[PDB]
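The chain below stands alone and is given in structure tokens; this is the form deposited in one PDB entry.
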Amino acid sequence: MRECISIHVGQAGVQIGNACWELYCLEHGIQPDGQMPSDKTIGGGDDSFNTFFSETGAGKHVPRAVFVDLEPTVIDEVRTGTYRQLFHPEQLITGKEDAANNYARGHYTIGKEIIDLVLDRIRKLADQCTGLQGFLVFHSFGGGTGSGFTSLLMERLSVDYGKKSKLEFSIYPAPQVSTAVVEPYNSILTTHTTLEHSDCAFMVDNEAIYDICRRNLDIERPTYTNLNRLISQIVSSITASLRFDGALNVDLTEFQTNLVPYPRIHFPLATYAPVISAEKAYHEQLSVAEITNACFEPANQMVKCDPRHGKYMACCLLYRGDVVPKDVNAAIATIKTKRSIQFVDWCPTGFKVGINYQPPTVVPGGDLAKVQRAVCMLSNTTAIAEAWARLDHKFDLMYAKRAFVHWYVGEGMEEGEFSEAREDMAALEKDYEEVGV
């Protein structure tokens, strides 16, 4: 095949991964025990879902997935839950002591004790691949493991797999749903040390997902399960091209080609429509024009920012369901004629379109209504720099006083790395300013 390996790091990455692979199984007709009746290949196989699932001799389809946490609580739930039999048991890896919300513990003092086991286990999955194309890495920005161990892992994967692509799904922190005061520090530290090792990173702003659950799904106090089922719906939209036959983003390399013009500004914005509550099961069905228009409302964005205040460098539309191509083209034309969406002058001012004609799946247990057609727009807009600016400002307020810095210096890290990371973020913000003005 051309296989892809998914890596989940820390609580957020593990729990989001749980929801993603639950959804994947339902989309592909795979039972929790790995069995798949629909398509009958004895073993191995070379179908499109094989990029994400290996096959044993007994007809078991096993995720090409690794879950890592520095403490066992969250992964122990995977080992005892509905999908306990789905994953490779050796690909669920835990230590006894977490990073205590400290990037330096995740990267240095605590992460060093488990990094070599994680890499040897990743190597075992890689060795079962006839044509590994790279990795999808799920993690939080604010966690000590999600930030520190992910950056350490990404560093080692670049040495060990120099030619392979690495894609990130990264949870950007929100005050409404937070766990630590030091999350701005960890977010800036990991972005700095991972920037050169990641080819494309899809940020998920926990505040944006929180807003959507409250307004679109009428959930007053969203749980992590609520957030994650919505996140997984959007991740599945982005990875479906890797798991089904298609003509857009058919391998990890093509993500960079279509979405990342310059290696450092590799943070596309995701917008997903429609998001409808499961209690509105008999809702009128929205047209292609309507769901496409909804992709340019800020209320449906995964990161809070204003693309009208920015310029576009790339724009992909990934439709799912009952979507006629001519209706897409008419809808695109309406967007360019009536909307003031500005592309930079050096990129093709066109929209790339992929259509998967299978209706979107919704998990039984979820808060999302079945829809006949949906769309995820991936766009590289300079406006996402607003999100970096919000993080940098929270960092600056605390760092100006050196608040909490001693916890990092006490865990194998030099104070000089704070300013190095911050100046790299300053240079990233200037990169966005130079591209769009």
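When you see a residue number, it is the position in the sequence shown, counting from 1. Only residues modelled in both forms are compared. Definition used throughout: the rigid core is the maximal C-alpha set that superposes within 1.5 Å between two forms.
Here the subject shifts to the form deposited in another entry, a form of this protein not shown in this document.
Rigid core superposed between the shown form and the other one, residues 158, 85, 342, 256 considered: the one with a C-alpha shift of 2 Å or more is 256. Taking the rigid core as fixed, one finds a CA shift for residue 72 smaller than 2 Å between the shown form and the other one. Once the rigid core is overlaid between the shown form and the other one, residue 280 counts among the residues whose Cα shifts by 2 Å or more. In this overlay on the rigid core, residue 298 has a C-alpha that sits less than 2 Å away from its partner position between the shown form and the other one.
Relative to this form, in that other deposited form the C-alpha atoms of residue 167 and residue 246 separate from one another by 3 angstroms or more.
The Cα-Cα distance between residue 123 and residue 255 is lengthened by 3 Å or more in that other deposited form relative to the form shown here. Shifted regions between the shown form and the other one (core-superposed; runs of 3+ residues, all CA displacements of 2 Å or more, residues common to both forms): 246-256, 278-281.
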